[PDB]
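Given as structure tokens, the chain that follows is alone and in the form deposited in one PDB entry.
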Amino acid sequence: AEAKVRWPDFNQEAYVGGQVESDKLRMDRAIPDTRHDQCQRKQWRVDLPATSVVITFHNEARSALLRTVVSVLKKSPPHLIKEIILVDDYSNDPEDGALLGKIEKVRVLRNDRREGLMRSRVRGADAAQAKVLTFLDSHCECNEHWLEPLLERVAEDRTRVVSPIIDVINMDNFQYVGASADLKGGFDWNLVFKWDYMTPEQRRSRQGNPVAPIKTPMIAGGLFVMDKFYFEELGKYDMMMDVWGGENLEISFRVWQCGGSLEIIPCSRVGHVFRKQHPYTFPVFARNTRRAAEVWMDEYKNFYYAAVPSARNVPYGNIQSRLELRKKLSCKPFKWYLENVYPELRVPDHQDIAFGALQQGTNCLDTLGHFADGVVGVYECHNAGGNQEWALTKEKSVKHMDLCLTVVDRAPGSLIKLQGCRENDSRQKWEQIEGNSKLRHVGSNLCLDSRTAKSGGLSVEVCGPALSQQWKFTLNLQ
């Protein structure tokens, strides 16, 4: 009638009643412990800073919202939970939120109108009372001893921003499934999140301790833990971002560049319900992405626009207060981030005309592992690099490592060969034509052509209508 109640006495049958398989689960339903064996018995500390848990939402399924909430209360030592702040971001039925205010520790905040996730998180952060923030989606389920490992890290160094491994809760059947602990957040020049294997070096490093924290260039997304002061000092979130994501890019760039670090803490596990086709699970409105790139990427932004020319036409708002933030924080340049934080991301030479994979539909130019005077071919694109990595240079050659596509015989039907690059060589000079849709051999009417793949390899051929002569570099600078 007016009282707060302990989570087990909450009337879930009532709340939920008033995909579907969500309402079938109990609010405190059991889930497999997906942790490494060594997390089992590590001894976590009593003397850790309590946290305010901000969960922001807009028309979340009640069964899932509730499940997140109890998940936190059930699996976190209660002395480390100061409060759980739910930010209702103008859900249509205010009751979805307000009803949960009845539970111990929960506090619910309402928005007049859709403010989006960024602004909602800032609201929750501001309302928080604890020294440390924990942000979670409205559809998560925390696993055993999920919280202590995160807090241990920020307690020790305020400038760490730490994420759990994010397990997967299936959107259809709600099976809780363990994710890998052997991956890092990354991206391609199109600023699309991808997962990376660890440094063959980094793997060795971890032999002595397989559950050690792991530095990550790019945050997996929204579940993370951060000192409240630090959060505010580094400028919170970009309040001008619209509700379509890519705040992950901006926060990752900002923390790293401005002196902080990002981490993934393998002993910390939180399930998440992934939407269909989300970039975490399946391998673009650019506003937010441009706001990141135009403030943080210095001149490398031009590789983003090389990958995504469409994006140069997307208006992105005023970024002045953000540029000023960067100045004040004396943040290091993007060049530094690439060299120190994400050296494995392949960066074109600043005088390369085009770079990346050279693809024809969904096939990619491939060396076939043919390291000297070899013929060349195609494989299905795999968006790793290696044998599928090429550049069009200032010198006008199509090169992979220090080998160059070479017209060895100008007769139509002649196979091209991969030879050592020489700037002398007229036989290794190529140019883009027809709006960067083909490769013509400079000084001829010969075009790179896959007609012959099944019969020897790629060939030079008289430039024509053939679609076996269509080739697009992933990045073009013209």
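Definition used throughout: the rigid core is the maximal C-alpha set that superposes within 1.5 Å between two forms. Position 1 is the first residue in the sequence shown; the rest follow in order.
This protein has a second form, the form deposited in another entry, left out of what is shown; the following refers to that one.
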Once both forms sit on the same rigid core, is the C-alpha displacement of residue 352 at or above 2 Å between this form and the one not shown?
yes
At a 2 Å cut-off on C-alpha positions, does residue 313 qualify as shifted between this form and the one not shown after fitting the rigid core?
no
Where do residue 184 and residue 365 end up in that other deposited form, Cα atoms closer or farther than shown, with a change of 3 Å or more?
farther
